[PDB]
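Here the structure is laid out as structure tokens; the discussion comes afterwards.
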Amino acid sequence: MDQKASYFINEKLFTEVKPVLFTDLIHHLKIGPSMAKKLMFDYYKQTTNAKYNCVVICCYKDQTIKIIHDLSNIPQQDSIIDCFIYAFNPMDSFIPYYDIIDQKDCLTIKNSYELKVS
Amino acid sequence: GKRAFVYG
Amino acid sequence: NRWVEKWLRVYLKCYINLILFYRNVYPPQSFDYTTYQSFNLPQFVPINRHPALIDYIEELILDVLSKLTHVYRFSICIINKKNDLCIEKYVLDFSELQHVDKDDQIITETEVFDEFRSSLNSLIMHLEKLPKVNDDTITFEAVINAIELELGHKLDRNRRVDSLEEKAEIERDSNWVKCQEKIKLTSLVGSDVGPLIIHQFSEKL
Amino acid sequence: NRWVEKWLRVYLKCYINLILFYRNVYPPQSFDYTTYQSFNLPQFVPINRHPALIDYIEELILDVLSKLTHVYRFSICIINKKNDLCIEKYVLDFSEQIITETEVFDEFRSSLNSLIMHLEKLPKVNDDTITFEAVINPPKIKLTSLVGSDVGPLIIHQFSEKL
């Protein structure tokens, strides 16, 4: 019932139109990447008049990791396990801009040598 | 009648 | 200030040349997505290099930024070769500018670039969502709806000119002509950053 | 009349000179497009440097604006062979106490900028085998209108039916 995420995605999609790639979701919720996949699926499931669809990355790998642009086709990933949905885009192309984000809360896997101020 | 003739 | 009209120059470069890209007034193979035309762009904007044309574009932007308080609304007009009738009129604004106030505060570089990236991406969105039929035979011309201007008489009155800066200024007042002065109008999301209020819309026919 | 006469007469003389250059009634490089500006405009203003012909068009525009007060629909046709229809009809429609001098002087720029927008955007049928003729009322004709003169007291519809 986590619609607390969904309206926050709704401003960034709509009231201004900069796309979320991943990092806004992890900044907002600090949910798991599997849970972020569930959330983006839920947004896709509860889509009402998306201006344009997202394209997914595919979890099934076979020594390949490809953003799908042959959406109907199955590009070398035939016996598919799963997909991780992200990069919901208003535009023709999928480009975000990239920025420093808060990560001390958000880092899923920390550094083998943690940084020291010294 | 004729026009643009005197102003020809 | 100094940094704020640099941002206005980059924003108008992105706006103008992106309208030029999505109207196919120049061939798309000359365009490539980039961040550097003489400055730092907010988004990857498809820019053809063509140094006469980019000279023209930064010329026009340095013309519009030269007045900077008469202009309340910069715009882009779209004219066919077939008729002089306006195909689209893309709206931009210079309302409540920092530069007229000359306020030092506030820079907010990432925040102003954020709202600029938003307004650019909105321009992308409502430039693909109208279709592509008759994709060639379109041209470009500028229009400014401004509140209080007339500078074109500065060529006259037997003036004697000595400096290159006012040579440029006489070129600014020489290049601009007042014209003689609706069918559809579509909404565009503008940037709503504090000092730079750019309330940008679109017009159709 | 009423103080639009001076800028109207220079506007028609420069309009005739621009038609003479950009539709090459005379040879194109038989002009001087360098040292004359008509109004405060960037573009070249190519008047024929011929003193007898500049006096000829001087008397032409001076007499048509002498008969301005009851003048009929104005045009210029370029003719060498059988066309029998007007080419550039800058229709001088006589209006009528508005004080408009600066604004009409600005307005004749946009009339002449519509002229050059018709001139540089114009194809090429044949070189120098044509002659103009002012007239008051090439396989196939084509319709094209240009800007009006609503800021001016007299409105000029500025139609240009090419070919």
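Positions of Cβ are generated from backbone atoms using ideal geometry, with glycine treated the same way; all protein chains shown enter the neighbour counts. Here, each number is a calculation from the coordinates, and none is a lab measurement.
Worth a mention:
- Positions within region A:61-101 being among the aliphatic types (A, V, I, L, M) and surrounded by fewer than 11 Cβ atoms within 10 Å (Cβ to Cβ), in sequence order: A:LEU71, A:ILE81, A:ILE100
- Scanning region C:74-119 for residues that are assigned to a strand (DSSP E or B), within 14 Å of another protein chain (Cβ to nearest Cβ) and of a type outside the set (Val, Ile, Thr) yields C:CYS77, C:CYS86.
- Yes/no for C:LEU151 being within 19 Å of the chain's Cα centre (by Cα) and aliphatic (A, V, I, L, M): no
- Residue within region C:14-33 that is surrounded by fewer than 18 Cβ atoms within 10 Å (Cβ to Cβ) and in a strand (DSSP E or B) present: yes
- Selected residue (criterion: farthest from C:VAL91 (Cα to Cα)) from residues of region C:151-196 that are more than 9 Å from chain D (Cβ to nearest Cβ) and of a type in the set (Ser, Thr, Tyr): C:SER163
- Residue pairs meeting the criteria (Cβ under 7 Å; at least 6 apart or on separate chains; first part of a helix (DSSP H, G or I), in region A:1-28; second surrounded by fewer than 15 Cβ atoms within 10 Å (Cβ to Cβ)): A:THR23/A:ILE101; A:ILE26/A:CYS106; A:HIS27/A:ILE101; A:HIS27/A:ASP102; A:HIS27/A:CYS106
- Test: residue in region C:162-175 that is outside any loop (DSSP other than H, G, I, E, B), of a type in the set (S, T, N, Q) and touching a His at 6+ places or on another chain (Cβ under 9 Å): no
- Candidate set: region D:35-72, residues that are among the hydroxyl-bearing types (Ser, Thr, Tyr) and within 23 Å of D:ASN24 (Cβ to Cβ); chosen: the one surrounded by the fewest Cβ atoms within 10 Å (Cβ to Cβ): D:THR35
- Matching residues, region C:1-13, being hydroxyl-bearing (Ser, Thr, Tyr) and either loosely packed, with under 13 Cβ neighbours inside 10 Å or more than 21 Å from C:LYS67 (Cβ to Cβ) (or both): none
- Close pairs (9 angstrom Cβ cut-off, 6 or more residues apart or separate chains): over 9 Å from D:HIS157 (Cβ atoms) in region D:87-100, polar (S, T, N, Q) and assigned to a loop (DSSP other than H, G, I, E, B) anywhere: D:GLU88/D:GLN158
- Some residue of region D:81-102 being touching a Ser or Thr at 6+ places or on another chain (Cβ under 6 Å) and of a type in the set (D, E, K, R): yes
- On inspection, A:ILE67 passes the criterion of being more than 14 Å from chain C (Cβ to nearest Cβ), within 16 Å of the chain's Cα centre (by Cα), within 22 Å of C:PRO46 (Cβ to Cβ) and not polar (S, T, N, Q).
- Checklist (1) among the aliphatic types (A, V, I, L, M); (2) within 14 Å of another protein chain (Cβ to nearest Cβ); (3) touching a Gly at 6+ places or on another chain (Cβ under 9 Å) applied to C:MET125, failing item: (3)
- Residue count for region C:92-120, restricted to those that are touching a strand residue (DSSP E or B) at 6+ places or on another chain (Cβ under 7 Å) and crowded, with 20+ Cβ neighbours inside 10 Å: 10.
- Filtering region C:150-192 to residues that are touching a strand residue (DSSP E or B) at 6+ places or on another chain (Cβ under 9 Å), among the small types (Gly, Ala, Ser) and surrounded by 16 or more Cβ atoms within 10 Å (Cβ to Cβ) leaves C:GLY190, C:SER191.
- Among (1) more than 30 Å from A:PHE94 (Cβ to Cβ); (2) more than 14 Å from every other protein chain (Cβ to nearest Cβ); (3) aliphatic (A, V, I, L, M) - the single one C:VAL133 does not satisfy: (1)
- Checked against (1) farther than 18 Å from B:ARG3 by Cα; (2) exposed (fewer than 14 other Cβ atoms within 10 Å of the Cβ); (3) more than 14 Å from chain C (Cβ to nearest Cβ), D:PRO138 passes all but condition (2).
- Tally of residues being aliphatic (A, V, I, L, M) and not in a loop (DSSP other than H, G, I, E, B) across region A:29-59: 6
- The set of residues in region D:120-159 that are assigned to a strand (DSSP E or B) and out of contact with any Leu (no Cβ under 9 Å at 6 or more places or on another chain) comprises D:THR131, D:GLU133, D:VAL135.
- Qualifying residue in region C:73-84 (condition: closer than 24 Å to A:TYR98 by Cα, surrounded by 15 or more Cβ atoms within 10 Å (Cβ to Cβ) and under 16 Å from the mean Cα position of the chain (by Cα)): no
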